[PDB]
A.B. asks: 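What follows is a structure written as structure tokens; I'll ask about it next.
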Amino acid sequence: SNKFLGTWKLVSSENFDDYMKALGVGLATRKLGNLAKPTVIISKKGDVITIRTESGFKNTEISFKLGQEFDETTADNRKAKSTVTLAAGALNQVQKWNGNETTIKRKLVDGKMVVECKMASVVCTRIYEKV
Ligand SMILES: CCCCCCCCCCCC[N+](C)(C)[O-]
């Protein structure tokens with residue numbers, strides 16, 4: 001949805017270390033991931049949505065159509081397959097690798113994007129402010 005377009009800067013994080021832990025990210029990569037303060041730029045060209053994530057330590061970018069699975073190499077270097085869908089103020093991603101699955105749900109809240117990330121029992125919340 002065009003609702004999500006813009007540039008969003010991280011202003012808060014809760015439980016990200018434990019989230020990366022649960023995904024099997026190693027200590028040394030985790031230390032960088034916890035110092036990152038990323039910017040997420042969401043753009044759209046026709047029906048192809050691009051989410052670019054920029055930081056001092058790693059940049060990533062995915063382009064996709066809603067509801068169509070796509071291959072992805074993640075920031076921590078998992079070779080994954082993901083699908084993004086749209087439901088009423090939320091863009092929801094399921095990301096799979098091996099027999100494993102994690103969810104990343106981006107929800108809009110008055111000028112902010114609240115992102116809930118879940119891997120088994122671990123819940124992480126990252127808040128971005130439109131800028
Ligand atoms: C050669 C560069 C290696 C250093 C990469 C540092 C970035 C680690 C960020 C981990 C992010 C975890 N993830 C994908 C779930 O968001």
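One-based numbering, in listed order, for ligands and for the atoms of each. The figures here come from the full heavy-atom set of this structure, side chains too, leaving out hydrogens, waters and symmetry mates. For this chain, numbers begin at 1 and follow the sequence in order.
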A.B. asks: Where do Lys130 and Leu5 come nearest, in terms of heavy atoms and distance?
C.D. replies: NZ-O, 4.2 Å

A.B. asks: Going by a strict under-4.0 Å cutoff (protein heavy atoms only), does atom 1 (C) of ligand 1 have a neighbour on the protein?
C.D. replies: no

A.B. asks: For atom 6 (C) of ligand 1, which protein heavy atom lies nearest, and how many Å away is it?
C.D. replies: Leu32 CD1, 3.8 Å

A.B. asks: Among all protein heavy atoms, pick out the one at the shortest distance from atom 15 (C) of ligand 1; state its residue, atom name and that distance to 0.1 Å.
C.D. replies: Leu23 CD1, 3.3 Å

A.B. asks: With a 6.0 Å cut-off (strictly less than), is the heavy-atom count around NZ of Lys9, excluding the residue itself, greater than 12?
C.D. replies: yes

A.B. asks: Checking a contact table here: which protein heavy atom is nearest atom 9 (C) of ligand 1, and how many Å away?
C.D. replies: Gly33 CA, 4.1 Å

A.B. asks: What's the shortest heavy-atom distance between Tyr19 and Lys118, and which atoms?
C.D. replies: CE1-N, 3.8 Å

A.B. asks: Please report the closest heavy-atom contact between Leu10 and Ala36, naming both atoms and the distance.
C.D. replies: CD2-O, 4.1 Å

A.B. asks: For atom 10 (C) of ligand 1, which candidate among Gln95, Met20, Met119, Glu72 provides the closest heavy atom?
C.D. replies: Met20

A.B. asks: List the closest protein heavy-atom neighbour of atom 8 (C) of ligand 1: residue, atom name, distance to the nearest 0.1 Å.
C.D. replies: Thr29 CG2, 3.3 Å

A.B. asks: Would you check if the side chain of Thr73 reaches a backbone N or O of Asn77 as a donor-acceptor pair within less than 3.5 Å?
C.D. replies: no

A.B. asks: Tell me whether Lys65 at atom NZ has more than 12 heavy atoms from other residues, nucleotides or ligands lying less than 6.0 Å away.
C.D. replies: no

A.B. asks: Should the pair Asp110-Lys112 be classified as a salt bridge under the 4.0 Å nitrogen-to-oxygen rule?
C.D. replies: no

A.B. asks: Can you pull out the closest protein heavy atom to atom 7 (C) of ligand 1? Residue, atom name and distance to 0.1 Å, please.
C.D. replies: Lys58 CB, 4.0 Å

A.B. asks: How close does the nearest protein non-hydrogen atom get to atom 14 (C) of ligand 1, and which residue and atom is it?
C.D. replies: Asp76 OD1, 2.9 Å

A.B. asks: Looking at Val123, is its backbone amide N or carbonyl O close enough to the side chain of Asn15 to form a donor-acceptor pair, meaning the two atoms are under 3.5 Å apart?
C.D. replies: yes

A.B. asks: What residue and heavy atom of the protein are closest to atom 16 (O) of ligand 1, and at what distance?
C.D. replies: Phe16 CZ, 4.1 Å

A.B. asks: Side chain or backbone of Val25 under 4.0 Å from ligand 1, or both, or neither, by non-hydrogen atoms?
C.D. replies: neither

A.B. asks: Give the residue, atom name and distance (to 0.1 Å) of the protein heavy atom nearest atom 11 (C) of ligand 1.
C.D. replies: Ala75 CB, 4.0 Å

